[PDB]
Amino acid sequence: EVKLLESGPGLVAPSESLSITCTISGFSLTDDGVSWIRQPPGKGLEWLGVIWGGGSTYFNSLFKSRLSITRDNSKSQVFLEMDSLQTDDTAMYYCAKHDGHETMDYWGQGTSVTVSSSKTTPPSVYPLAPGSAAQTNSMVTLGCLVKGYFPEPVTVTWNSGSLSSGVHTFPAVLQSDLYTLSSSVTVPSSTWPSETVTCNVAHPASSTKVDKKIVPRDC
């Protein structure tokens, strides 16, 4: 029942400040440290700093000059501010509980920060329905192509989460400054299209959600 949840901007322009809120439950900020750690694309984790139970803070010397960590005891929130973002501040940003003044025992969900001048672009979501009844297999595979968005990430589910077995959601690829990913689901053939399948794509940066139903093709 210890939980930590980052909420941050998703996208931050070069030189602007980042701020992220870490909302915690199941312990008292008063009793435990909360560290901020980050993970840039394909690099080790990097500890940014901590605010201990009694209020004192230490920072990684690397970030000292532009970091600040505060909290609001009454809301159970720890806040991170990091100034002068440059593109290499792009990373997944995590807050994490300490065991009192010791071990980092629990980690939040992480929030993705992309440092960039460009626009937020929502994805176009395209249904992938099999080409003209390419035989009965007893399984059918369906998909969503999620194209043309920025920044990362998008979230994909199927029927709002009821369909989770036999799903593959692939990592996104970056082409011409926009991301694209695809997701597949495989359901028994007897059950589609009679029992409907819809992929639900959330793009938090742009507060957009598209729920795309996969219908058999007209062709």
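Residue numbers here begin at 1 and follow the sequence given.
Enquirer: Comparing 77 to 85 with 125 to 133, where is the mean C-alpha B-factor higher?
Expert: According to the entry, 125 to 133 carries the higher average C-alpha B-factor.
Enquirer: Going by the B-factors listed in the PDB entry, is the mean over the C-alpha atoms higher for 40 to 48 or for 154 to 162?
Expert: That would be 40 to 48.
Enquirer: According to the deposited entry, which of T186, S28, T180, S68 has the largest Cα B-factor?
Expert: Result of the comparison over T186, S28, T180, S68: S28.
Enquirer: Relative to the other modelled residues of the same chain, rank the CA B-factor of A205 and answer lowest, middle or highest third.
Expert: Tercile = lowest for this residue's CA B-factor.
Enquirer: Taking the chain's C-alpha temperature factors as the reference, tell me which third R217 falls into: lowest, middle or highest.
Expert: Highest third, going by the recorded CA B-factors of the chain.
Enquirer: Rank-wise, by C-alpha B-factor, drop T198 into the lowest, middle or highest third of its chain.
Expert: Bottom third by C-alpha B-factor.
Enquirer: If you rank the chain by CA B-factor, which third does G100 end up in: lowest, middle or highest?
Expert: CA B-factor rank for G100: highest third.
Enquirer: Compared with the other modelled residues in the chain, in which third is the CA B-factor of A13?
Expert: Within its chain, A13 is a highest-third residue by C-alpha B-factor, going by the deposited values.
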